[PDB]
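Take a look at the structure below.
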Amino acid sequence: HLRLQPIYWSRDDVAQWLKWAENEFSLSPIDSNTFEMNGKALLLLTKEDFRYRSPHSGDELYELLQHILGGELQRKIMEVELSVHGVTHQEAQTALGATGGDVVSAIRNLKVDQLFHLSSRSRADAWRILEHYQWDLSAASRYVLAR
């Protein structure tokens, strides 16, 4: 199952990936309990976190995940989704494509879309309101609902 993108890996897939890596790269044994999480979580760990969890292999595992298996882009997709409620993997990926992988810009664009649908105001108004509220969508969304 590791052929799938890491964002879809289950916790069991993460454990299997570690077993595969230890075999493939002749790593020192990695305890199966080292990363008790799914692939989404794995993508959010920093290199320092990987080194802390695995002093012997953490940097290798991080590089493989982030810079070979597409973790870098998939982490950006997660950031976008976690920043804007109800965005799908596809929607986030598309938004990032539009900004050349710029997470801040993609998030702003999706916030404006979400606010725009909350009321009958123009897209230009939604942009002004969001910028006014320092891009706090929750605060902007409450103003719009209040009318």
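So the sequence shown is numbered by PDB author numbering: it starts at 8 and just counts up by one.
The beta carbon of each residue, even a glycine, is placed where N, CA and C say it ideally should be.
| Query | Result |
| --- | --- |
| With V151 and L117 assumed to form a contact (beta carbons below 8 Å), what rounded beta-carbon distance in angstroms separates them? | Going by Cβ atoms, the distance from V151 to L117 rounds to 16 Å, so no, they are not a contact pair. |
| To which residues of the same chain is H8 closer than 6 Å at the C-beta, ignoring the five residues directly before and after it? | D20 |
| Buried or exposed for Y59, please, with buried defined as at least 16 other CB atoms from any protein chain shown within 10 angstroms of its CB. | exposed |
| DSSP three-state label for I14, please. | helix |
| Between the beta-carbon of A147 and the beta-carbon of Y140, is there less than 8 Å? | yes |
| Suppose the cutoff is 8 Å on Cβ atoms and the five residues either side in sequence are ignored; what does the same chain contact list for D109 look like? | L103 |
| Does the beta-carbon distance from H63 to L34 come in below 8 Å? | yes |
| Enumerate, from N- to C-terminal direction, the unbroken alpha helix (DSSP H) stretches of 4 or more residues contained entirely within the stretch 99-143. | 110-125 and 130-139 |
| Tell me the DSSP secondary structure of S35 in three-state form. | coil |
| Assuming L50 and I14 form a contact by the criterion Cβ under 8 Å, report the distance between their Cβ atoms to the nearest whole angstrom. | 7 Å |
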